[PDB]
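Novice:
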Amino acid sequence: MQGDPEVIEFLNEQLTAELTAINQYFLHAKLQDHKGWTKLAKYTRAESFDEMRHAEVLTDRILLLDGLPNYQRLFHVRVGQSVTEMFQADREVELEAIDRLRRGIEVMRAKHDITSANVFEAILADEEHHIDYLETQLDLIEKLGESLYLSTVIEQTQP
Amino acid sequence: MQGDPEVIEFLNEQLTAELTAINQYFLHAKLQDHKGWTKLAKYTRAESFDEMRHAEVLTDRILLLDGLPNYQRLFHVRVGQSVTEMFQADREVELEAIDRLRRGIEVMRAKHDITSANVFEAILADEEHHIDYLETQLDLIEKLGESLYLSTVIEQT
Amino acid sequence: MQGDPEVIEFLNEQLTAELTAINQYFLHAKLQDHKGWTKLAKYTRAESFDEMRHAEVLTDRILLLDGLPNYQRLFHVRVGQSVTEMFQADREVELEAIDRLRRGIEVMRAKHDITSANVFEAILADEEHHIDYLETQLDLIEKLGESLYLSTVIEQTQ
Amino acid sequence: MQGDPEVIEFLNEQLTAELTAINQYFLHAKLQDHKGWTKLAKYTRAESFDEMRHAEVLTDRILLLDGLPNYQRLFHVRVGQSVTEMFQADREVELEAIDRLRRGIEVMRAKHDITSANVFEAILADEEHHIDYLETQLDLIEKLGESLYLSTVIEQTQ
Amino acid sequence: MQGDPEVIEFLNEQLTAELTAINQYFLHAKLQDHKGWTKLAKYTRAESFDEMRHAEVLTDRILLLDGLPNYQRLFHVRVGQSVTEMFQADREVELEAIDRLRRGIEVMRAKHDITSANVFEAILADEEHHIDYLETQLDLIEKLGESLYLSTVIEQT
Amino acid sequence: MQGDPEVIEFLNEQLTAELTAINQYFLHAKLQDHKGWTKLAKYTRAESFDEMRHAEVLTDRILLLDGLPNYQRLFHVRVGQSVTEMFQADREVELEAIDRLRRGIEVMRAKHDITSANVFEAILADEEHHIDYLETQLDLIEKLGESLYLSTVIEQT
Ligand code: HEM
Ligand code: HEM
Ligand code: HEM
Ligand SMILES: [Fe+2]
Ligand SMILES: [Fe+2]
Ligand SMILES: [Fe+2]
Ligand SMILES: [Fe+2]
Ligand SMILES: [Fe+2]
Ligand SMILES: [Fe+2]
């Protein structure tokens, strides 16, 4: 029982998205943490653990197909300065992952595995359920205005 | 005992208001749910369930009068895009109900049954307790301003 | 992402089945309770709310596809007088559900969305459990006889 | 210490009755479950596991006599469609077991083992305790009539 | 609504795998029960009930398709003497199941049922989650050695 | 108050060791997880999370110095096949971190900050409490021999 290496690569190209998404959420989480924009920092910190949960079940599956996880390669990572830029860039990153997950399942359905597609749809169902929130968030600032939007995301701590 | 048919349609035209008001509340409750306006979405879900409670006690009464509920015919339903139009539209819907309910009871009390008028006033007492609320709500946006009014209706959760 | 309207209308014609099924279940639930037929009216009221919430998970899907729910148009609704007629009627109503749902998902799997079809099977799996039950119930009346079948559906509770 | 192969086979001929009886009870338990005949399906599922508890202690016993359990051969299994003949069919299956077990224990007492026939009587006290019950059941249908007898075993589900 | 017989037989040949695997797991569990290798027999008894859980949901499906379960005929069942042979033979039995499951779901997906394939994948997901553990165990012995592998399976209790 | 840039890369070259260390632990932890080498797999998962506790306060330090964390580039990561190779490889990785931590604090004390060096010693106390343990582990195999050493790592559960 050996996985077809393209299907393995179809798993593997998903994996490079995982490691980059860990750091770009977490540093931005640590970015706003100094910036005091408090409740949104609580969101992306709790969000980042789900991709840790997303990546681990990915990691087991290729071992069931007797694969070799490359944790060495990486994609390019970006940073922003205001949150709109932070909300615009990762959208493309979330726009990046879907089509790869889209194009993977149609071909892997043609090649007789069922179980790895069940992994692939499940993570794909998360991100479409994820990206809309950002799409909800951005204009909700943008129609309203950033300053009053900034005026509600902060609070003084409990010393 | 047989229900008088004139009273029966007076119950019935109220029922047509009920089913239409269910959907126009609920979809607009689901509309702001996507639009992140969290707290009023909790409120509009709470308003919809009372009309669901309003309709069932309406429903059994005509069966006591041995009637046939038309759950088939409806009235025209509208939608809005900002909240103010939604607050303007349902006002007319609330303006639609009361005067017709005002029309029914006097004619009903003229014809010797008491019991459905008790249902009439009880359902009237809610909407007169309801129509003023949005009437207070809309000017409170309008005097103040919509953008800051939007600045308190959301929640990141 | 914008939903393809052929998927959207196929979501939409499911919705028209949903609203009509609410009223025909509930009124017939409000039929037999006056008729004393108690536990099936408990069952029919219990049958309503699952079919209710089936439409809500239908509803929230199409706004992700940026759609406009027609909560205005309906299908034709029927009533009966004895329960056998009701059990014959809703069978056809459930007979209308599956094949159209069967007609959809093949095309939906043919057109590069997966996520909506998971709802499509999920609403299907319920009515698989539903249509046989009423199919079971009718022969129980028919092999036995209606009168003794009425002789177990009523209690002294009012 | 080695078991005498006749006694082993006489233990073994019980075992063929065991696995056959498990399926013929369980499918009928699943049959009336689809047929809605509720409490008998509760009773048939409950009666089946005692036979599962029956067969396992037989399986250890031949290992104590250092035997080889044939889990391969099976006797012929039947099925019906009405409820009555199922009570007639298993009666013969109940009639099949006892006399052969009656044939054994005399020979078991004839040949200097005590312990295996203790299992034989322990299972035989069960098989008498079944055959009377179904015999009590069937005439109670038969004197009364099937339809009113059927008119008490179905009840609604949750 | 009637089940298609080619779908039905595909359920049916799966069923023959069930009853054979029940006895071969259970007796070999009862084999090491004499042989004092208790913790794997604890593993074997708990594993055997899950196939009994797999078999009943197989059974109720076909009567929804209005089918007739053949609980009558079976396939050939084997026995071993050391555990490696027991680990080698059931692997083939697990190798027997999955391709037949692979052969079924491709065809019935072309033939307009969805629901029984959901049953088929669910048991198929178990066996691929099963057969690796067999494959994990057997190489772990022969790399290490059998006698020390025997040196960890008794309990004296 | 601005961080002196020489301090910043000396924080940063520690950081490049950090992200590489998590994966080489975890994948090898996931390697033995398939291999049934479970009790040390429990240990290696515990080793991963402490490094996350080490790396975060490192990241919190540099923003006080107004720094830019390069989470982008890495160092070279290796894999092994038997545990001795794994215990030999990470030893060098443990040997890699200390001298950089050693060469830091002499300069960190030399240039009028204490607080970053307080982090620098606090991380350094961990690996000296760590590299001895793995050094103890490998020789404990080495006198003994791998097979009997492996013969206690299996749980069968
Ligand atoms: C101060 C707290 C934490 C920090 C700074 C942190 C940070 C990180 C980072 C940077 C990664 C990516 C490294 C990698 O993927 O190998 C990661 C992965 C992970 N962490 Fe955390 N984490 C924290 C809390 C936790 C806790 C408390 C747990 C478990 C009880 C946990 C479980 C995991 C898991 C399962 C992964 C995925 C492993 C992997 O994909 O390689 N994390 N964490
Ligand atoms: C003709 C009468 C009614 C109609 C048309 C109606 C309609 C609905 C609808 C559309 C939903 C959304 C479910 C979904 O999206 O899946 C719902 C939910 C619900 N229904 Fe009704 N309803 C009616 C009467 C009632 C009444 C009077 C009650 C209870 C006293 C009730 C019990 C419920 C409850 C409790 C929920 C909320 C379930 C939840 O929050 O999880 N229904 N109903
Ligand atoms: C929730 C509890 C149980 C379930 C779902 C279950 C399931 C089943 C079913 C349905 C069968 C019949 C299949 C057939 O023979 O065609 C079976 C066979 C069997 N049952 Fe169970 N059973 C349960 C309890 C038990 C227990 C607790 C034991 C033993 C301690 C047991 C012992 C057996 C044996 C040994 C067989 C195989 C018969 C043979 O090899 O001849 N059962 N199992
Ligand atoms: Fe993901
Ligand atoms: Fe009302
Ligand atoms: Fe439904
Ligand atoms: Fe027995
Ligand atoms: Fe299975
Ligand atoms: Fe560290």
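Chains as they are written, first to last, in the authors' numbering: chain J, 1 to 159; chain D, 1 to 157; chain C, 1 to 158; chain A, 1 to 158; chain B, 1 to 157; chain K, 1 to 157.
Just so you know, even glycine gets a beta-carbon here, dropped at the ideal spot from N, CA and C.
#1: Is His34(D) close to chain C? Criterion is C-beta to C-beta, closer than 8 Å.
#2: Strictly below 7 Å CB to CB, what residues from chain B border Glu121(C)?
#3: Roughly how many angstroms lie between the CA atoms of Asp132(A) and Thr84(A), to the nearest whole one?
#4: Tell me which residues share the same chain as residue 172(C) and place their Cβ nearer than 7 Å to its Cβ, disregarding the 5 neighbours each side in the sequence.
#5: Do you know whose CA, among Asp33(J), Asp126(J) and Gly3(J), lies nearest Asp60(K)'s CA?
#6: Could you pull the start and end residues of the alpha helix (DSSP H) that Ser116(D) belongs to?
#7: With three or more C-beta pairs closer than 8 Å as the rule, is the stretch 12–23 of chain D touching the stretch 64–79 of chain D?
#8: Which value, in whole angstroms, describes the spacing of the CA atoms of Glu155(J) and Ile114(B)?
#9: Is the CB-CB distance between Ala97(D) and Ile105(D) below 8 Å?
#10: What residues of chain C sit near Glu128(J), judged by a beta carbon separation below 9 Å?
#11: Take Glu94(D) and list the residues in its own chain whose beta-carbon comes closer than 8 Å to its own, dropping the five residues that flank it on each side.
#12: Which residues does DSSP list as the beta-bridge partners of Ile154(D)?
#13: Interface residues of chain C around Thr59(D) at Cβ under 9 Å?
#14: Just to check my reading of the structure: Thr44(D) and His28(D) have Cβ atoms closer than 8 Å, yes? What is that Cβ distance to the nearest angstrom?
#15: Measuring only the C-alpha atoms, how far is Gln137(D) from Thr152(D)?
#16: For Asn12(A), which residues from the same chain have a beta carbon less than 8 Å from its beta carbon, with the 5 sequence-adjacent residues on both sides left out?
#17: Counting C-beta neighbours from all protein chains within 10 Å, is the total for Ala125(C) 16 or more, i.e. buried, or is it exposed?
#18: Between the C-alpha atoms of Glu6(B) and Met108(B), what's the straight-line distance to the nearest angstrom?
#19: List the endpoints of the continuous alpha helix (DSSP H) containing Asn12(C).
#20: For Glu51(D), verify whether its CB is less than 7 Å away from any heavy atom of ligand 5.
#21: Go ahead and label residue 160(C) buried or exposed: buried means 16 or more other beta carbons lie within 10 angstroms of its beta carbon, across all protein chains shown.
#22: So, at 7 Å on beta carbons, what are the nonlocal neighbours of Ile22(D) in its own chain, with the 5 sequence-adjacent residues on each side left out?
#23: Could you tell me the distance, in whole angstroms, from the CA atom of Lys35(J) to the CA atom of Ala122(K)?
#24: Is the separation between the beta-carbon of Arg102(C) and that of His112(B) shorter than 8 Å?
#25: For the candidate residues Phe120(D), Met86(D), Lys143(D) and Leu64(D), whose alpha-carbon lies nearest to that of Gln2(D)?
#26: Against chain B, does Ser147(K) count as a neighbour if the rule is that its beta carbon must be under 8 Å from one of theirs?
#27: Roughly how many angstroms lie between the CA atoms of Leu148(D) and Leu148(J), to the nearest whole one?
#28: Under 8 Å by Cβ, that's how I've got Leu144(C) and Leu150(A) pegged, so tell me the actual separation to the nearest angstrom.
#29: Report yes if the C-beta distance between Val119(K) and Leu31(K) is below 8 Å; otherwise report no.
#30: To be precise: take each residue of the stretch 66–87 of chain C, compare its Cβ to all Cβ atoms of chain D, and keep it if any distance is under 9 Å. Which residues remain?
#31: Can you grab the Cα-Cα spacing for the pair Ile141(D) / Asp139(J), in whole Å?
#32: Taking the alpha helix (DSSP H) that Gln2(J) falls in, what are its first and last residues?
#33: DSSP on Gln81(D), reduced to helix/strand/coil?
#34: Return the chain-ordered list of same chain residues with a C-beta closer than 6 Å to the C-beta of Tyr25(K), the five sequence neighbours on each side being excluded.
#35: CA-CA distance, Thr157(K) and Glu146(A)?
Specialist: So, to answer that:
#1: Here the question's residue 34(D) lines up with position 34 in the second sequence. Interface residue, yes.
#2: Against the third sequence, residue 121(C) aligns to sequence position 121. Those are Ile114, listed as they occur along chain B.
#3: Along the fourth sequence, read from residue 1 onward, the residue named residue 132(A) stands at position 132. Along the fourth sequence, read from residue 1 onward, the residue named residue 84(A) stands at position 84. Their Cα atoms are separated by approximately 15 Å.
#4: With chain C represented from 1 up to 158, any question about residue 172(C) goes unanswered, as that position is not in the structure.
#5: Stepping through the sixth sequence from its first residue, residue 60(K) is reached at position 60. Of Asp33(J), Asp126(J) and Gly3(J), the residue nearest in Cα terms is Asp33(J).
#6: By one-based count along the second sequence, residue 116(D) stands at place 116. Where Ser116(D) is concerned, the enclosing alpha helix (DSSP H) stretches over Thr115 to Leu144.
#7: yes
#8: Against the first sequence, residue 155(J) aligns to sequence position 155. Against the fifth sequence, residue 114(B) aligns to sequence position 114. About 52 Å.
#9: What you label residue 97(D) is simply residue 97 of the second sequence in a count that begins at 1. What you label residue 105(D) is simply residue 105 of the second sequence in a count that begins at 1. No, these two residues do not count as a Cβ contact at 8 Å.
#10: Reading the first sequence from its first residue, position 128 is the one you call residue 128(J). Those are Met1, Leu64 and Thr115, listed as they occur along chain C.
#11: If you number the second sequence from 1, residue 94(D) lands on position 94. Excluding sequence neighbours, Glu94(D) sits near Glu127, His130, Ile131 and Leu134.
#12: As a position in the second sequence, residue 154(D) is number 154, starting the count at 1. Answer by DSSP bridge pairing, in chain order: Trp37(D).
#13: Here residue 59(D) corresponds to residue number 59 of the second sequence, with the count starting at 1. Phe26, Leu27 and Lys30, listed in chain order.
#14: Numbered from its first residue, the second sequence carries residue 44(D) at position 44. Numbered from its first residue, the second sequence carries residue 28(D) at position 28. Between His28(D) and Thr44(D) the Cβ distance is about 6 Å, and since that is below 8 Å, they are a contact.
#15: Sequence index remark: in the second sequence, residue 137(D) carries index 137 (1-based). Sequence index remark: in the second sequence, residue 152(D) carries index 152 (1-based). Distance between the alpha carbons of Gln137(D) and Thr152(D): 14 Å.
#16: Mapped onto the fourth sequence, residue 12(A) falls at position 12. Within the same chain, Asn12(A) has close Cβ partners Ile62, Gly67, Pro69 and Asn70.
#17: Along the third sequence, read from residue 1 onward, the residue named residue 125(C) stands at position 125. It counts as exposed.
#18: Locating residue 6(B) in the fifth sequence gives position 6, counting from the first residue. Locating residue 108(B) in the fifth sequence gives position 108, counting from the first residue. Computed Cα separation, rounded: 9 Å.
#19: Stepping through the third sequence from its first residue, residue 12(C) is reached at position 12. Run containing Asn12(C): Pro5 to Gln32, per the alpha helix (DSSP H) assignment.
#20: As a working mapping, residue 51(D) is identified with position 51 in the second sequence. Indeed, a heavy atom of ligand 5 lies less than 7 Å from the Cβ.
#21: Residue numbering for chain C in the displayed model covers 1 to 158; residue 160(C) lies beyond these limits and cannot be assessed.
#22: To locate residue 22(D), count along the second sequence from 1; it is residue 22. Only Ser48, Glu51 and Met52 meet the Cβ criterion.
#23: Mapped onto the first sequence, residue 35(J) falls at position 35. Mapped onto the sixth sequence, residue 122(K) falls at position 122. Rounded to whole angstroms, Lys35(J) to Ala122(K) spans 26 Å at the Cα level.
#24: In the third sequence, counting from the first residue as 1, residue 102(C) sits at position 102. In the fifth sequence, counting from the first residue as 1, residue 112(B) sits at position 112. Contact: yes.
#25: Position 2 of the second sequence, counting from 1, holds the residue named residue 2(D). Cα-wise, what sits closest to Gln2(D) is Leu64(D).
#26: Working through the sixth sequence from its first residue, we reach residue 147(K) at position 147. Cβ-Cβ to chain B under 8 Å: yes for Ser147(K).
#27: Start at 1 with the first residue of the second sequence, and residue 148(D) comes out as number 148. Start at 1 with the first residue of the first sequence, and residue 148(J) comes out as number 148. Using only the alpha carbons, I get a separation of about 8 Å.
#28: For the purposes of this step, residue 144(C) is taken as residue 144 along the third sequence, with counting starting at 1. For the purposes of this step, residue 150(A) is taken as residue 150 along the fourth sequence, with counting starting at 1. 7 Å between Cβ atoms; contact.
#29: As a first step, residue 119(K) must be located in the sixth sequence, where it is residue number 119. As a first step, residue 31(K) must be located in the sixth sequence, where it is residue number 31. Not in contact: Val119(K) and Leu31(K) (Cβ atoms no closer than 8 Å).
#30: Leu68, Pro69, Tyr71, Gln72, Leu74, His76, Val77 and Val79
#31: Counted from its first residue, the second sequence places residue 141(D) at position 141. Counted from its first residue, the first sequence places residue 139(J) at position 139. Taking the straight line from one Cα to the other gives about 21 Å.
#32: Position 2 of the first sequence, counting from 1, holds the residue named residue 2(J). From DSSP, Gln2(J) is part of no alpha helix (DSSP H); its letter is neither H nor E.
#33: Counting from one through the second sequence, the residue named residue 81(D) turns up at place 81. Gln81(D) falls in the coil class under three-state DSSP.
#34: Your numbering for residue 25(K) matches position 25 in the sixth sequence. Taken in chain order, the residues that qualify are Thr44, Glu47 and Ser48.
#35: In the sixth sequence, counting from the first residue as 1, residue 157(K) sits at position 157. In the fourth sequence, counting from the first residue as 1, residue 146(A) sits at position 146. Straight-line Cα distance between these residues: approximately 53 Å.
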